[PDB]
$ cat model33.cif   # mmCIF, C-alpha atoms
data_upload
loop_
_atom_site.label_atom_id
_atom_site.label_comp_id
_atom_site.auth_asym_id
_atom_site.auth_seq_id
_atom_site.Cartn_x
_atom_site.Cartn_y
_atom_site.Cartn_z
CA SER A 7 81.74 74.28 -1.61
CA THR A 8 79.47 74.16 -4.64
CA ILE A 9 75.71 74.29 -4.82
CA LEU A 10 74.14 72.21 -7.49
CA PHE A 11 70.84 72.76 -9.23
CA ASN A 12 69.59 69.75 -11.03
CA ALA A 13 68.53 70.27 -14.60
CA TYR A 14 68.44 67.05 -16.62
CA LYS A 15 65.12 65.86 -15.22
CA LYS A 16 63.42 68.64 -17.13
CA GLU A 17 63.26 70.72 -13.98
CA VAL A 18 60.96 73.72 -13.98
CA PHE A 19 63.63 75.96 -12.52
CA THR A 20 67.28 75.56 -13.47
CA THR A 21 70.10 78.07 -13.36
CA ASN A 22 69.19 79.11 -16.92
CA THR A 23 65.69 80.01 -15.77
CA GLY A 24 63.52 80.94 -12.84
CA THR A 25 65.66 81.09 -9.75
CA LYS A 26 67.78 83.94 -11.11
CA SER A 27 67.40 86.17 -8.07
CA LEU A 28 68.08 83.33 -5.67
CA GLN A 29 71.39 82.67 -7.33
CA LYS A 30 72.60 86.25 -6.66
CA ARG A 31 72.35 85.66 -2.95
CA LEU A 32 74.24 82.37 -3.22
CA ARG A 33 77.00 83.15 -5.69
CA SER A 34 78.25 85.35 -2.88
CA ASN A 35 79.17 82.43 -0.65
CA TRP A 36 79.21 79.53 -3.12
CA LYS A 37 80.05 78.25 -6.53
CA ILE A 38 76.73 77.69 -8.26
CA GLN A 39 76.79 75.15 -11.06
CA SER A 40 74.03 73.33 -12.97
CA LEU A 41 73.95 69.58 -13.65
CA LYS A 42 73.23 68.27 -17.15
CA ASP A 43 74.24 64.58 -17.09
CA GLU A 44 73.28 61.57 -14.89
CA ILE A 45 73.96 61.84 -11.14
CA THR A 46 77.20 59.99 -10.34
CA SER A 47 78.44 59.76 -6.75
CA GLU A 48 81.69 61.34 -7.90
CA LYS A 49 79.89 64.24 -9.62
CA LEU A 50 78.50 65.30 -6.28
CA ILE A 51 82.01 65.42 -4.82
CA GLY A 52 82.40 69.12 -4.21
CA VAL A 53 78.70 69.69 -3.66
CA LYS A 54 77.36 71.11 -0.41
CA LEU A 55 73.79 71.15 -1.59
CA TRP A 56 71.86 69.56 -4.42
CA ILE A 57 68.60 71.22 -5.50
CA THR A 58 65.74 70.10 -7.68
CA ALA A 59 63.36 72.88 -8.42
CA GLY A 60 60.25 71.06 -9.55
CA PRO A 61 61.42 67.90 -11.32
CA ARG A 62 59.22 66.67 -14.16
CA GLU A 63 60.93 63.49 -15.32
CA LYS A 64 61.03 60.28 -13.30
CA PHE A 65 64.06 59.12 -11.30
CA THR A 66 65.86 55.80 -11.45
CA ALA A 67 66.43 53.59 -8.45
CA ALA A 68 70.04 53.86 -9.47
CA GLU A 69 69.95 57.65 -9.15
CA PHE A 70 68.18 57.38 -5.81
CA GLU A 71 70.98 55.30 -4.29
CA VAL A 72 73.39 57.96 -5.48
CA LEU A 73 71.51 60.40 -3.32
CA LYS A 74 70.82 58.43 -0.18
CA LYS A 75 74.57 57.78 -0.11
CA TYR A 76 75.22 61.47 -0.65
CA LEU A 77 72.78 62.43 2.08
CA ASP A 78 74.23 60.05 4.69
CA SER A 79 77.67 61.33 3.65
CA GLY A 80 76.87 64.71 5.12
CA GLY A 81 75.60 66.16 1.89
CA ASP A 82 72.44 68.26 1.77
CA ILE A 83 69.42 68.03 -0.53
CA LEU A 84 66.50 70.31 -1.30
CA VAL A 85 63.51 69.11 -3.26
CA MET A 86 60.78 71.45 -4.29
CA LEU A 87 57.79 70.50 -6.32
CA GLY A 88 54.53 72.32 -6.82
CA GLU A 89 50.76 72.38 -7.04
CA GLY A 90 49.19 69.08 -7.85
CA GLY A 91 52.24 67.25 -6.67
CA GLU A 92 53.41 64.12 -8.40
CA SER A 93 50.15 63.88 -10.35
CA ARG A 94 50.60 67.15 -12.18
CA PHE A 95 54.34 66.76 -12.26
CA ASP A 96 54.80 63.17 -13.50
CA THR A 97 57.80 62.34 -11.36
CA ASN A 98 58.53 59.59 -8.85
CA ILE A 99 60.37 61.77 -6.40
CA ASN A 100 58.14 60.58 -3.52
CA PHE A 101 59.71 57.12 -3.59
CA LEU A 102 62.79 58.80 -2.16
CA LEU A 103 61.07 61.09 0.24
CA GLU A 104 58.79 58.36 1.60
CA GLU A 105 61.84 57.00 3.44
CA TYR A 106 62.31 60.20 5.37
CA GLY A 107 58.65 60.51 6.13
CA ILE A 108 57.88 63.27 3.72
CA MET A 109 55.53 62.92 0.79
CA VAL A 110 54.32 65.73 -1.43
CA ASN A 111 50.56 65.57 -1.77
CA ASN A 112 48.58 66.42 -4.85
CA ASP A 113 46.54 69.52 -4.06
CA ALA A 114 46.78 73.26 -4.27
CA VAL A 115 46.84 75.78 -1.48
CA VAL A 116 44.44 78.69 -2.04
CA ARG A 117 43.66 81.99 -0.44
CA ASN A 118 40.70 82.96 1.72
CA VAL A 119 40.03 86.36 0.16
CA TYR A 120 41.53 88.39 -2.67
CA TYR A 121 44.51 90.50 -1.77
CA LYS A 122 47.32 91.86 -3.94
CA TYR A 123 47.64 88.82 -6.14
CA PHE A 124 45.78 87.66 -9.19
CA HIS A 125 45.30 83.98 -8.84
CA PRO A 126 43.73 82.06 -6.03
CA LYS A 127 46.74 79.85 -5.74
CA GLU A 128 48.99 82.77 -4.96
CA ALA A 129 48.37 82.14 -1.32
CA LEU A 130 49.44 84.61 1.30
CA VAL A 131 50.21 82.95 4.64
CA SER A 132 50.36 85.03 7.78
CA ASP A 133 51.03 82.58 10.64
CA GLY A 134 52.67 79.59 9.09
CA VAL A 135 55.91 79.47 11.02
CA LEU A 136 55.85 76.37 13.25
CA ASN A 137 59.15 76.12 15.03
CA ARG A 138 59.81 79.01 17.38
CA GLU A 139 63.49 79.24 16.56
CA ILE A 140 62.64 79.77 12.90
CA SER A 141 61.87 83.18 14.14
CA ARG A 142 65.60 83.58 13.56
CA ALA A 143 64.18 86.62 11.92
CA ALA A 144 62.54 88.93 14.52
CA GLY A 145 59.26 88.57 16.46
CA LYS A 146 58.88 86.26 19.48
CA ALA A 147 56.61 84.26 21.79
CA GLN A 162 54.78 89.26 15.97
CA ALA A 163 54.06 87.56 12.64
CA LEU A 164 55.69 86.64 9.39
CA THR A 165 53.93 86.83 6.05
CA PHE A 166 55.14 84.93 3.06
CA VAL A 167 53.66 84.25 -0.32
CA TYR A 168 53.15 80.68 -1.08
CA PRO A 169 52.54 80.50 -4.78
CA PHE A 170 51.06 77.52 -6.54
CA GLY A 171 51.97 74.91 -4.02
CA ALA A 172 50.97 71.61 -2.50
CA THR A 173 50.89 70.47 1.05
CA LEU A 174 53.22 67.82 2.54
CA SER A 175 52.42 64.72 4.46
CA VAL A 176 55.01 64.79 7.21
CA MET A 177 55.72 62.14 9.80
CA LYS A 178 58.74 61.35 11.96
CA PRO A 179 61.71 61.35 11.50
CA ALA A 180 61.03 64.44 9.43
CA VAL A 181 59.71 67.51 11.23
CA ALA A 182 57.32 70.09 9.82
CA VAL A 183 58.45 73.68 10.14
CA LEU A 184 56.05 75.77 8.06
CA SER A 185 52.30 75.40 7.75
CA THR A 186 49.70 76.83 5.39
CA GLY A 187 48.45 78.89 8.22
CA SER A 188 45.06 79.69 9.54
CA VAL A 189 43.85 81.55 6.51
CA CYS A 190 44.80 79.38 3.57
CA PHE A 191 43.17 76.18 2.49
CA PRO A 192 43.80 73.45 3.62
CA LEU A 193 44.14 75.03 6.99
CA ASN A 194 47.15 74.25 9.09
CA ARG A 195 48.70 71.51 6.94
CA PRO A 196 52.50 71.25 6.68
CA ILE A 197 54.27 72.81 3.78
CA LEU A 198 58.01 72.58 4.41
CA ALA A 199 59.70 69.73 6.18
CA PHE A 200 63.21 69.10 7.44
CA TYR A 201 65.27 65.97 8.20
CA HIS A 202 68.57 66.10 10.07
CA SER A 203 68.51 62.78 11.73
CA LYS A 204 71.18 60.40 12.90
CA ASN A 205 74.88 60.91 13.12
CA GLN A 206 75.41 60.06 9.48
CA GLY A 207 76.88 62.59 10.15
CA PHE A 208 74.48 65.51 9.90
CA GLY A 209 72.98 64.96 6.47
CA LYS A 210 70.11 67.39 5.83
CA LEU A 211 67.01 67.18 3.64
CA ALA A 212 64.45 69.86 3.09
CA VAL A 213 61.32 69.43 1.03
CA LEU A 214 59.29 72.42 0.07
CA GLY A 215 55.78 72.21 -1.24
CA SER A 216 56.41 74.77 -3.92
CA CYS A 217 59.15 75.64 -6.30
CA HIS A 218 57.73 79.07 -7.02
CA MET A 219 58.23 80.44 -3.51
CA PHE A 220 61.83 81.30 -4.25
CA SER A 221 61.63 82.28 -7.91
CA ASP A 222 62.22 85.77 -9.11
CA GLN A 223 58.52 86.36 -9.28
CA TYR A 224 57.93 86.07 -5.55
CA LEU A 225 61.19 86.03 -3.63
CA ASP A 226 61.50 89.71 -3.67
CA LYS A 227 58.00 90.26 -2.58
CA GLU A 228 56.84 89.49 0.86
CA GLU A 229 59.35 88.54 3.50
CA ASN A 230 59.77 85.42 1.41
CA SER A 231 63.34 86.56 1.47
CA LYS A 232 63.71 86.06 5.23
CA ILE A 233 62.24 82.58 4.86
CA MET A 234 64.74 81.72 2.17
CA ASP A 235 67.58 82.93 4.33
CA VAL A 236 66.54 80.61 7.09
CA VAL A 237 65.84 77.56 4.91
CA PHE A 238 69.28 77.94 3.44
CA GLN A 239 71.11 78.58 6.66
CA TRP A 240 69.73 75.32 7.98
CA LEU A 241 70.72 73.47 4.83
CA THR A 242 74.03 75.29 4.52
CA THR A 243 74.52 75.08 8.25
CA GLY A 244 74.30 77.34 9.83
CA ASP A 245 73.50 78.99 13.12
CA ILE A 246 70.07 77.35 13.14
CA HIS A 247 68.92 74.71 15.61
CA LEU A 248 65.32 73.64 16.15
#

$ encode --input "model33.cif" --output "structure tokens"
Amino acid sequence: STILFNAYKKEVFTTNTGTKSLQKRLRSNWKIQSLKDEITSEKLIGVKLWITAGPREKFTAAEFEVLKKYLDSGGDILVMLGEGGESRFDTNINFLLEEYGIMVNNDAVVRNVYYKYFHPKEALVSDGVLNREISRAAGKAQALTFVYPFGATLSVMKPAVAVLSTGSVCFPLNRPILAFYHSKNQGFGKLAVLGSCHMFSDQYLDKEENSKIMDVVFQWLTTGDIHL
């Protein structure tokens, strides 16, 4: 029972920065601690979830093994990087995700028409929920708006499964944006890649039913009454 934000890879959001408002909703059920030194399989001992909010330094094949072990051990991981993907972020995180069928592309999602927000990349997505059960908030068969700021789209193929899309009014249209991996009886290791680290920051989490989305992404990671 500890949630671990990674911070030595020059992450964009660490516990010192950024995801300040996200922590308040987690320090309720968890012990949030940052990570400053190299990832050692022992270090991740208590950890229920490891998080990288927008890494910007490369990873070492040594560090990767540390994580694939940790994921097959029943650990959980959450990787979020942003607009422009690995080509604006200078990090080799894809080498790890490529094994689970997820790969963060290098493009930015934009809006169709101006509403509420300054920048074109502050994309507002009305019908992006893909799995029905992810309406673990209300609605069934109503909509769910979230603000998808400064983000890239994911290439998702099995075994991973896409669960949020850019929608029908953002561009690229209908391309995956959040992907999950539960597979195998490892048992029950869980990975979740999000196409943008900003979606959960203080700047946007409060704003547009992003908060319900967070709740669900974290109940699936931190399982959780969620089953696709």

$ resolve_selection --input "model33.cif" --expression "the PyMOL selection byres ((chain A and resi 79) around 8)" --output "list in words"
residues 75, 76, 77, 78, 80, 81, 206, 207 and 209 of chain A

$ residues_around --input "model33.cif" --residues "range 135-166 of chain A" --least-positions-apart "3" --cutoff "10 Å" --atoms "all atoms listed in the file" --output "JSON, numbers by chain"
{"A": [129, 130, 131, 132, 169, 181, 182, 183, 184, 185, 186, 187, 194, 196, 197, 198, 219, 224, 225, 227, 228, 229, 230, 231, 232, 233, 235, 236, 237, 240, 245, 246, 247, 248]}

$ atom_distance --input "model33.cif" --atom1 "CA of residue 222 in chain A" --atom2 "CA of residue 180 in chain A"
28.3 Å

$ residues_around --input "model33.cif" --residues "residue 74 in chain A" --least-positions-apart "3" --cutoff "12 Å" --atoms "only C-alpha atoms" --output "VMD selection string"
chain A and resid 45 47 50 56 67 to 71 77 to 83 101 to 103 105 to 106 206 209 to 211

$ closest_residue --input "model33.cif" --among "A:107, A:215, A:171, A:134" --to "residue 201 in chain A" --atoms "all atoms listed in the file"
A:107

$ residues_around --input "model33.cif" --residues "residue 120 in chain A" --least-positions-apart "4" --cutoff "12 Å" --atoms "only C-alpha atoms" --output "ChimeraX atom specification"
/A:116,124-130,189-190

$ closest_residue --input "model33.cif" --among "A:44, A:218, A:97, A:55" --to "residue 72 in chain A" --atoms "all atoms listed in the file"
A:44

$ atom_distance --input "model33.cif" --atom1 "CA of residue 64 in chain A" --atom2 "CA of residue 85 in chain A"
13.6 Å

$ atom_distance --input "model33.cif" --atom1 "CA of residue 58 in chain A" --atom2 "CA of residue 86 in chain A"
6.2 Å

$ closest_residue --input "model33.cif" --among "A:173, A:66, A:94, A:38" --to "residue 109 in chain A" --atoms "all atoms listed in the file"
A:173

$ closest_residue --input "model33.cif" --among "A:176, A:28, A:87, A:99" --to "residue 114 in chain A" --atoms "all atoms listed in the file"
A:87

$ residues_around --input "model33.cif" --residues "residue 7 in chain A" --least-positions-apart "3" --cutoff "6 Å" --atoms "only C-alpha atoms" --output "PyMOL selection string"
chain A and resi 52-54

$ residues_around --input "model33.cif" --residues "residue 59 in chain A" --least-positions-apart "4" --cutoff "10 Å" --atoms "all atoms listed in the file" --output "MDAnalysis selection string"
chainID A and resid 11:13 15:21 24:25 84:88 214 216:218 220:221

$ write_last_selection --input "model33.cif" --atoms "C-alpha atoms" --output "PDB file, in the frame of the given file"
ATOM      1  CA  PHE A  11      70.840  72.760  -9.230  1.00  0.00           C
ATOM      2  CA  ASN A  12      69.590  69.750 -11.030  1.00  0.00           C
ATOM      3  CA  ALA A  13      68.530  70.270 -14.600  1.00  0.00           C
ATOM      4  CA  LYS A  15      65.120  65.860 -15.220  1.00  0.00           C
ATOM      5  CA  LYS A  16      63.420  68.640 -17.130  1.00  0.00           C
ATOM      6  CA  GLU A  17      63.260  70.720 -13.980  1.00  0.00           C
ATOM      7  CA  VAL A  18      60.960  73.720 -13.980  1.00  0.00           C
ATOM      8  CA  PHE A  19      63.630  75.960 -12.520  1.00  0.00           C
ATOM      9  CA  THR A  20      67.280  75.560 -13.470  1.00  0.00           C
ATOM     10  CA  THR A  21      70.100  78.070 -13.360  1.00  0.00           C
ATOM     11  CA  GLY A  24      63.520  80.940 -12.840  1.00  0.00           C
ATOM     12  CA  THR A  25      65.660  81.090  -9.750  1.00  0.00           C
ATOM     13  CA  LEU A  84      66.500  70.310  -1.300  1.00  0.00           C
ATOM     14  CA  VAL A  85      63.510  69.110  -3.260  1.00  0.00           C
ATOM     15  CA  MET A  86      60.780  71.450  -4.290  1.00  0.00           C
ATOM     16  CA  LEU A  87      57.790  70.500  -6.320  1.00  0.00           C
ATOM     17  CA  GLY A  88      54.530  72.320  -6.820  1.00  0.00           C
ATOM     18  CA  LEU A 214      59.290  72.420   0.070  1.00  0.00           C
ATOM     19  CA  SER A 216      56.410  74.770  -3.920  1.00  0.00           C
ATOM     20  CA  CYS A 217      59.150  75.640  -6.300  1.00  0.00           C
ATOM     21  CA  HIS A 218      57.730  79.070  -7.020  1.00  0.00           C
ATOM     22  CA  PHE A 220      61.830  81.300  -4.250  1.00  0.00           C
ATOM     23  CA  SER A 221      61.630  82.280  -7.910  1.00  0.00           C
TER      24      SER A 221
END

$ closest_residue --input "model33.cif" --among "A:108, A:115, A:73, A:41" --to "residue 188 in chain A" --atoms "all atoms listed in the file"
A:115

$ axis_aligned_box --input "model33.cif" --around "range 237-246 of chain A" --padding-each-side "6 Å" --output "AutoDock Vina command-line options"
--center_x 70.2 --center_y 76.2 --center_z 8.3 --size_x 20.7 --size_y 17.5 --size_z 21.7
